[PDB]
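Taken one at a time, structure 1 and structure 2 that follow are two forms of one protein chain, written as structure tokens.
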Structure 1
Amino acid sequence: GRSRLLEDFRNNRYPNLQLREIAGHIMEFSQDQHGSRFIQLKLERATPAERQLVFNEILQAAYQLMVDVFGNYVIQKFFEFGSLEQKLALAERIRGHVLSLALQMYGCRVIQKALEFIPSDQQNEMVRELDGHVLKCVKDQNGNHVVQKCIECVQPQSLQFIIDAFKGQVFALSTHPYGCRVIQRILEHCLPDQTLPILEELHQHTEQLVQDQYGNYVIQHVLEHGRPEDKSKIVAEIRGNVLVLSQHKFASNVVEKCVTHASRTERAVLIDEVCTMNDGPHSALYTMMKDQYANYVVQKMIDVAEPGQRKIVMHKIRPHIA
């Protein structure tokens, strides 16, 4: 079982336990739920000498801590508050195992913390081990977190191979629960020469994407943060389909975002379309106001409809039989 020191620490025998006092017991404390938290907090404010004593004791088996549910946190604290020399030694222990670690439940968090704190050179050395394994990491439950972090942290030129790997896969990745998150990071951090081919594929498949459970969120992202040129193309896809997409579980979200983020003239054309459109025995507005999804589009159209059209809308809304 546990060492007596760790057991006593857990039983609150030592209210002032110090890092120097757990010498020889550091690997064990690091892998204990409470011993790890103790070390995590102490490293935040330990003197550099105190950090090095902890480090000298875990360096030899750092990899073992990296893939441990509690030990990974201690490794992360070193990337966060340690010296350049310690981060460098950890990077060296990581070399050749980036893929293995990225696909590991705890190791992926070590890679993320490392990317956030190491030099461009070691970031590049790490990201390059993912070459030829991009699509696998993007779709992996642990690996997608590493790819997302690379995109937020690494120089864009060093991310080109990741963009290249997405060629022709944007539709599949955008309709993936983990892949859709990677696509959103690309849109937020990459250079225009890199986002261009991605947006090109999103535009090509907008019709299908707006109806997908994950894909609609990627499209909403472009509507919320994109360039006008890109928002206009998406609005164009919704135009002439406001009625039908409004009643769709997922597409209704995109329609809503179009009403909210399209140009002045665009919002008008869309609102107009809903007033003059018909749906069998009634108007489009009629059917939409009472639909579990389409009602939100009608609401938002009000809050944004320029006074001129607002009147008109509600005018056909008067007949309140519902």
Structure 2
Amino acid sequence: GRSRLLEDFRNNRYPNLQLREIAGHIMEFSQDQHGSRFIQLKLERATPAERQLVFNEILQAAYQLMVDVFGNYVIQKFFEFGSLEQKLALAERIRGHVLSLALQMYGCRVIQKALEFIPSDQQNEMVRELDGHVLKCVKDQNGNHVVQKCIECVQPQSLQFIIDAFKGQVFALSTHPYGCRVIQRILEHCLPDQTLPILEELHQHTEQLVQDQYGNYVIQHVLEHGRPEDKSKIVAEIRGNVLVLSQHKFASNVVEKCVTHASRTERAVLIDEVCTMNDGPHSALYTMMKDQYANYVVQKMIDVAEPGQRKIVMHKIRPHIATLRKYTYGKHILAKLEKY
């Protein structure tokens, strides 16, 4: 299968091989483990003349290289360092194939790279080829990265169709391992008329979402980047349940984000809840300090509590200081107390 030239190249007969010397052999080298790398390194410091020579041989069969295990890297390099005309030509070779490349293990990488460097007109045209296949792409291991990329690179106005497709299924997608990702990208880049519906559904299912393996990340995202109004709705769902959620493998993380990003009043109230409320033997705080997950919440509470309130928290912990040593997680609270 390999030509003499490539054959000899792999055998090291050409230690000083230059781009111009593999003329007529570009496609072959590109689909070869070492040949590809050989081309990729020459493409970054090659005269636009040498680059065109390489371009001439891959344009026609560009797609074949896009879905190639080693060839997809040569195409990516042109989208990044090639000329504007070369990027546009490759873009034309992609036309009509966006969907299949987006779901392709190697091609999805080309699509993502292309979206980053082509003009808005070519981006929009690429995006439109996904019209009608949004959920299929969002749920695909390769395709979800292309959708995320669209969301971060394309004018949010051209993404409305993705928003339309997400309406009514936000809860379902927020617990999906790829969907939770796309949803976080939508919250960071889309327009208010587009994030509003998404947020309304996230609020509707906050209770289930904070406890979900993936949904908890979506909720934490809102706490770390959302508007105060959205952050407050989330904090309101958490209050009254601090103790229980603090002991949950997934929701405990959301409790921490609430403590950290809540308003001054909200923060004081969440901490007080566990300083006042009693849990069977002793207060909620004591049970929290001995728990495998809640001990982290107590520490976050010590860190952000205001001086006056930190004092209250310390006094609550104080009496248990000697006993804490006998518990796996209590010990970790003792360590935290050291600094204080």
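We call the rigid core whatever largest set of C-alpha positions still superposes within 1.5 Å between the two forms. By convention here, residues take numbers in order along the sequence of structure 1, the first being 1.
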{"property": "CA of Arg10, rigid core aligned, shift of 2 Å or more between the two structures", "result": "yes"}
{"property": "Backbone CA shift between the two structures, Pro281, after core fitting (angstrom)", "result": "2.3"}
{"property": "Core-fitted comparison between the two structures - CA shift at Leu243, Å", "result": "0.6"}
